[PDB]
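Engineer: Below: the sequence, then the experimentally determined structure.
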Amino acid sequence: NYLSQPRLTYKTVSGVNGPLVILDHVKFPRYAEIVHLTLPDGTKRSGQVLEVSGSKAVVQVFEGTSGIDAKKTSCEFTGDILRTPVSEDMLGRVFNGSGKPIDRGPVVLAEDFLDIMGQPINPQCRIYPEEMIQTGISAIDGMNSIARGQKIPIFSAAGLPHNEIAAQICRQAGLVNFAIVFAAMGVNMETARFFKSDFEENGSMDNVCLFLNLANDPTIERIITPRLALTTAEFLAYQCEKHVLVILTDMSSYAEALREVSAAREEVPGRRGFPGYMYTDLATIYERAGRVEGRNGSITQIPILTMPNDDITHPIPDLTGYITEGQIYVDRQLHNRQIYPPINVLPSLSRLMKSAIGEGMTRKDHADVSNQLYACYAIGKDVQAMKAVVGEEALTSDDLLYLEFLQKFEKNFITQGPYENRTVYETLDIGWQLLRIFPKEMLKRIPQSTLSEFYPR
Amino acid sequence: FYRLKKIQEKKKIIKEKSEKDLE
Amino acid sequence: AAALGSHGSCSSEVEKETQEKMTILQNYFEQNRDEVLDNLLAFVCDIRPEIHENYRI
Amino acid sequence: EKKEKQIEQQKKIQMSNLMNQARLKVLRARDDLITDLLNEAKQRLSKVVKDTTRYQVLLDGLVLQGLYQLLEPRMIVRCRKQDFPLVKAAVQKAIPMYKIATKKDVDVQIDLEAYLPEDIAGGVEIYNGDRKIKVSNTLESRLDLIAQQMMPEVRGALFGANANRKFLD
Amino acid sequence: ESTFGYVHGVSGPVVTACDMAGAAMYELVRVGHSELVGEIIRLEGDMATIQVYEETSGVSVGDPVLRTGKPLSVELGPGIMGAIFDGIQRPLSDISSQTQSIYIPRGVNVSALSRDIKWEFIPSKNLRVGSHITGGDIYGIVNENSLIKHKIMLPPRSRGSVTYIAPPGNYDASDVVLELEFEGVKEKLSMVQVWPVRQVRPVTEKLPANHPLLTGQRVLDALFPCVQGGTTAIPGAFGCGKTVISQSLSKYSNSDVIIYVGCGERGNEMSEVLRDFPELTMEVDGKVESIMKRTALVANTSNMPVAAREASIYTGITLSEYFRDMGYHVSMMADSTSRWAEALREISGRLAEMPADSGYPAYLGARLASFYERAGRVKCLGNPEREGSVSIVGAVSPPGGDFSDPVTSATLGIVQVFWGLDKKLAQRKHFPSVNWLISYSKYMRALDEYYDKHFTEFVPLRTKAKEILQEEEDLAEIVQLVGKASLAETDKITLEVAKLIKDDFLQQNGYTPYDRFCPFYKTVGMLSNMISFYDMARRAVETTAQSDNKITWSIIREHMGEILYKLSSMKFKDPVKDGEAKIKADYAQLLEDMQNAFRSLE
Amino acid sequence: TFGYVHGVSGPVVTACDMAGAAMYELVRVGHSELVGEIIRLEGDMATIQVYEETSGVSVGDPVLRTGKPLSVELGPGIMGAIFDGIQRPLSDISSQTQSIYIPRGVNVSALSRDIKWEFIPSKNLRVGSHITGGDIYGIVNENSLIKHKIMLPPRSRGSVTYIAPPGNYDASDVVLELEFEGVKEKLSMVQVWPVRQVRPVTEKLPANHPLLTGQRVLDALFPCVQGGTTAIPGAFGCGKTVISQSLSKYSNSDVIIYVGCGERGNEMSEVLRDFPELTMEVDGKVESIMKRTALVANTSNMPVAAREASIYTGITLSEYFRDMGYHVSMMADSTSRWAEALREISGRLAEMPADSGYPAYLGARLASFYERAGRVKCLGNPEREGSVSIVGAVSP
Ligand SMILES: Nc1ncnc2c1ncn2[C@@H]1O[C@H](COP(=O)(O)OP(=O)(O)O)[C@@H](O)[C@H]1O
């Protein structure tokens, strides 16, 4: 039950250094406990004890350290780790990056105090995700299918409409009740209004929750901002059996908060100066997607990340790449031609798509149609790269047909309106009307039985 | 930069310990 | 005009539903208020003075 | 037609805003009732401190509880002027019980130079002999600390259990 | 002394502890009131520095730190095969059963094997009271699973004279099955032994590796063969198929048992294996059975505590060495090696040891070397002679897809097989994405002695395959700058047959009935037909280009279009429905069809 | 109040007896009062990153801590001034010193004292009346253009106990007195605000009314909005001067703040030569644009923190004119040279380098800067809208 023992409050600040306040004389410091700080001017702040040693406790402060004072600062130790108050009533609400309400409503009357970190889901209990979500978008539902309980990010070049795609998934996604949780780290005010307004226009307010940390908010809150969303998602999914789509906007701004903390703590660097543990920190976020045994619930994640200088080898996309079940990718090569949604299929994949694709979940041909669309579009890009050097005179008639396929493909398969909803079956009929550009014998990824049933339609 | 910051930290600690051992 | 009439109608509905919810809240609250009050008062009064679990000697 | 679409979008947003306002009124009402239950708990404590018998039992507890959290060789206890006679006895009883459980001696002093504000309902605050570290055993602080952690039981009792919560994972 | 010290400080996985005087480095210690498992990594006086294999959130200064005198170790015995274990060897099936919750509770005390299940024990029937017995001697067989017989063996350190041996019957982990006397001291043994994970299980000799590790995949089997007992790595960027290879070896190979080690891997992957493997079946003696009965899973997912990754790798190889001492051809999938190097990085960062490259500690090269060198074919310990092996397949995962990364660099200094996976092939959905220029196998000389016993044609075909691909890659450096126009007819044949080999031999669709696995006979057959086409097409042009009646690569394509389609179709042959004889017969029809068509061009 | 210098190593001064000081508190060190900030505390000791050259500072020199962090004085006299990166007014420094140099350790107050401006109190206020942050307690007619609204600081609130009658008063004269919780605060026309802290607002609004530059190419093809954030590639051959001068002469922006964030010595003087000479039509009169602008100016050799802070002073000033109801335009002229000064602070602090040697937080320093733009419902009683736009020149 509850901690009945009274809290200690310390004035024994023995140093302050960047984001860290170093308490001393502390009776039995608990590693990773939270501390409430009161500044000289009476301003309240919060922090977490990121190291302990004997009488000392190195509290990192969430709201930053400006105005901390080595004689007057009071640090109340709570005696416990950071717990999120959670309840069903968190749906229809907006919270800041530290879970405090900003919708002018009351405090969260909790049904429980879940740990911000969650716990590792037992691999024995982890049910495999295989039931297909339709997002409504052909470039997703066709070649990059999403399972209920998958995690699959949108990777974007800077300035692309990834927010509109993430909105369109929350606007039109469903099964062949999906509550939503949304988090944003370092989001600009206009984009915070965009997501909030989209949910209000779509009317789906009583079943969505928002955590907002804006670009002007304190950067260290971004560490807990997605964890709050996931801790709410774990309550709704695993304790209330709801299905949830969890959106993590600007994982790059999250990773920069880690880069900032890493650099400010002198942590061992990986590539580009991100902390050496960045993969595990990202995994503690991403891996909380999944179904679990005997509970009808499911957490699905769509993270979003803008790649610095559009470099796919950058640590942010790259480590996310290893952890998540494939990637959805958006590209200037489409966006500059007004091809909304600008989803480039070739760098995209879904690791869980293969299990979701098949009979009863989809049309039986779907796997094969995908495989051949990738081949034709890939050859189309390679013959375009050739033509740019040598002109059509050194291309074969077949190479020019793959170049024409690329044009037909982008204009019909990928190109799709911001409110246009397509099922997988209509997407596959479109896919066949594109594959019919070649003679039957050219469709070298598809078995002869699938061709004989569907190629002439 | 990182390797050299750690070297300088080790020297700072050894300077402090060498002073403390004279008290 | 049809949108403005629908807004006024919905305002009446959500207000009626709000008053119903608030009534149910007041009912269930008063039906349990004394029991919860006595429970908090008992646990706040039952001090149990204890040393910290890591004390030595 | 574009203007008609905008009217329809405004109609949708207005309906959302009406539902948002209703939901927020219902939430505020729940929190107000919970707040007033905590206010009634503060009122009940304000009655309990008038009985010197039960209140001496609380002060014997709360002083010793503070001593067991600070563990120093010297300490200062702050109370209101009204509390002082009971708190002096509580310190005098607590020093034995402290020394018994912790083995070591302690010098605990009642803070006749710096009383607490009279608007506090009761209990005590204990400080180190240098005043650099403290522990709050005021009835308001202990009430808020327990009542906040008990908030799920409070919610479940005052408004009934949520039928959706079939698991505790 | 006190049997326990006390926590002095905490920083991520590292915990310093006071009153740890008289602790060994690499001693297992339990930290916190909840008994978080950890191991001593540095000594600083009476203080010990501990690495904790569970999340340290909530550990307090002055919490207990219980010494054990024992290093991190595995209970080896019945109840391994078909089970799944966490990174510190606790079985997840029991954790679910005892906890009724979707989470692994921190500080779980569950035994590594079920002590309540009764097992059928057949003693070796040659042993008697007074028989001399030594480490690795088999004292019985346990019918653990229908496929795997667990040859229980004397612990490798132990020596003695048999004083009691249990009769045939049903026994458990607490039943004394064997008792020895040696040098006036007794030892009592059950069907379970404890072994330190950081200690190599010894062998009578490390033998030459001279038998192929047969796999599901055409290019791995043929062009870059692994050997049973070999060391292999799969360096590859994300999304490249490192996991599809790892399960292809696990689902479909000639290994007797598989240890699958989800070190730092996404959690949906261990679930995928746990779901798919009991449904998938191999066959023995005309009886079909679940491949789970020959598999053992070590789980330690990407979100579990980094330190437990080192414990996971060493657990998985310790298990693998045990089955090797039972005389099995063991195979170990190390599903990520850079995730282990990251655990070594984070701990070294808390220890403040100077980094070598990319922040990794200087001992990373020795950690990987001493891991991979536990692979090999071996003459096993103890009385009955056995030969067994561990093959280790390390799924190295370099950040940014750059093989210059220190984990890759250190790995390729040790391993003898390199299956480098190219992101540019994976983007084009060419799977397996193995780049055939980058990749190598060093065991080919050692395997040619085997190939000559079963497929005398194979070494000629493998050689000609590399020649076709090398000539095409060299011609491509011209084609990229001049287009498809200036090539000779022989060069166009080389280009188009290399594309046939890429598209229809090197690619393999591992999610379909025809390409799920590719038996070695289909592998030599497909390659033989494509290289037969190459030789005949080359001879046709080179013979006729000396005269007015010149054959062209286009004339071959146009006149033999049905042959090119037939060659491309060869992948679709179903190993379950099309019998080996039928596949060889269909491929012989293709050989004759080619010969008749080229004779019509001549 | 006074601490003592414990040691000095380059531009970093360690101090002692500093126990009551705070992280990022602004401190004067040495008898000449060199400016610096507390970057670390270590007990009663503090480590101060001094801005100015530390040559000559001695052990045991006084360390006079200013109670507040780095801050901008706000009030009348902001208009027309050339501030440096820490709000030392270069015009007052020149006039008072009669020297071509900035003397090391200036103490000149940012708003000139003894200039008794015409003040009118807010006609709705009375003794006893309620008042809150952002409420206008009066107006100062400092220029023909900018009727300078004087308003309660965003943290202060209570009951009015005195207002000055109509009359002549300066930055130091007490204009308003109010009581809250039995405590009285005396306020003057000067207000002081922490330069790195956003001035709070009733609602940050969407930006929807055009900021016309008067140039066809901009206003037609790629419009900008009042409250909006925009950028320009600043270089020699770019023609940035055509945008900059046109914006100051013709924009529908009520106040312009220009910030030199480490421009080259001569290039800064070209700007400071032009802006006095630029004139604008208003109400059929012609007047210098210096009636509606302020220049923060820093040459490349100005103190590192003066460059790094100059961008934050510009937006703190701009937010103050936003809070008056003015549609402010800020021009920053060298965001690359600001990021270099930012990098120099990290290099002195020995923070680990991120991409291209810039600090890890560069993204957050830029993003929290541009997020201080926008249209707003201001604080306080008149419900007034106002905005800050930000033009940020960059040098790829
Ligand atoms: N050999 C294969 N045959 C067919 N498809 C494959 C094959 N290998 C990979 N794929 C496809 O590409 C995806 C990526 O492979 P996966 O094993 O999930 O990548 P990773 O290297 O990240 O573990 C698969 O989920 C599947 O869609």
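Structural biologist: Okay, I see it. Numbers count the residues shown, from 1 in each chain, chains lettered A, B, ... in the order given.

Engineer: what's the nearest residue to the residue in chain A that the ligand sits nearest to if we skip its chain neighbours?
Structural biologist: Using C-beta to the nearest ligand atom, residue A:351 is the residue of chain A that sits closest to the ligand, at 3.9 Å. For the C-beta atoms, the positions are set from N, CA and C on the backbone; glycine is no exception. The shortest distance from residue A:351 to any non-neighbouring residue, by C-beta to C-beta, 6 or more residues apart in numbering or on different chains, is to residue A:325 (3.8 Å).

Engineer: for the one you found, what are its contacts?
Structural biologist: A:147, A:150-152, A:350-352, E:266, E:268 (C-beta atoms under 8 Å, 6 or more residues apart in numbering or on different chains).

Engineer: closest to residue A:133 among those?
Structural biologist: Using C-beta to C-beta, residue A:147 comes nearest to residue A:133 of these, at 6.8 Å.

Engineer: Check whether the lengthiest helix in chain A comes near chain E.
Structural biologist: In chain A, with assignment by DSSP state H, the single longest helix is helix A:366-390. Yes: Helix A:366-390 lies within reach of chain E by C-beta under 8 Å from any C-beta of the partner chain, at A:367, A:371, A:374-375, A:378, A:386, A:389-390.

Engineer: so what does that helix touch, helix or strand wise?
Structural biologist: Contacts defined by 3 or more C-beta pairs under 8 Å, 6 or more residues apart in numbering or on different chains; DSSP states H and E place helix A:366-390 against helix A:397-409, helix A:424-435, helix E:458-482.

Engineer: From the chain's centroid, how far away is the shortest one?
Structural biologist: Going by C-alpha atoms, centre = their mean, to the nearest Å, the spacing between the C-alpha centre of helix A:424-435 and its chain's C-alpha centre is 29 Å.

Engineer: Which helix or strand lies directly C-terminal to that helix?
Structural biologist: Once the chain leaves helix A:424-435, the next helix or strand it forms, by DSSP states H and E, is helix A:448-454.

Engineer: One more: the last one?
Structural biologist: Following the chain from helix E:458-482 toward its C-terminal end, the next helix or strand by DSSP H and E is helix E:489-501.

Engineer: and whatever residue of the stretch 251-400 of chain E ends up closest to chain D, what does it touch?
Structural biologist: Using C-beta to the nearest C-beta, residue E:267 is the residue of the stretch 251-400 of chain E that sits closest to chain D, at 15.2 Å. Residue E:267 sits next to A:120-121, A:123, A:126, A:287, A:290, E:301-303 when contact means C-beta under 8 Å, 6+ apart.

Engineer: So what sits opposite residue E:333 in the bridge?
Structural biologist: Applying DSSP bridges to residue E:333 gives these bridge partners: residue E:260, residue E:393.

Engineer: Correct me if wrong: it contacts residue E:320.
Structural biologist: No: Residue E:333 lies out of contact with residue E:320 (C-beta atoms under 8 Å); the separation is 10.0 Å.

Engineer: joint contacts of the two?
Structural biologist: residue E:259.

Engineer: Which one of these two is surrounded by more residues?
Structural biologist: residue E:333 (31 against 28; other C-beta atoms under 10 Å in any protein chain shown).

Engineer: residues contacting that one?
Structural biologist: Residue E:333 neighbours (C-beta under 8 Å, 6+ apart): E:246-247, E:249-250, E:258-261, E:393, E:395.

Engineer: do you know how far it is from residue E:232?
Structural biologist: For residue E:333, the distance to residue E:232 equals 10 Å [C-beta to C-beta, to the nearest Å].

Engineer: Sounds good, over and out.
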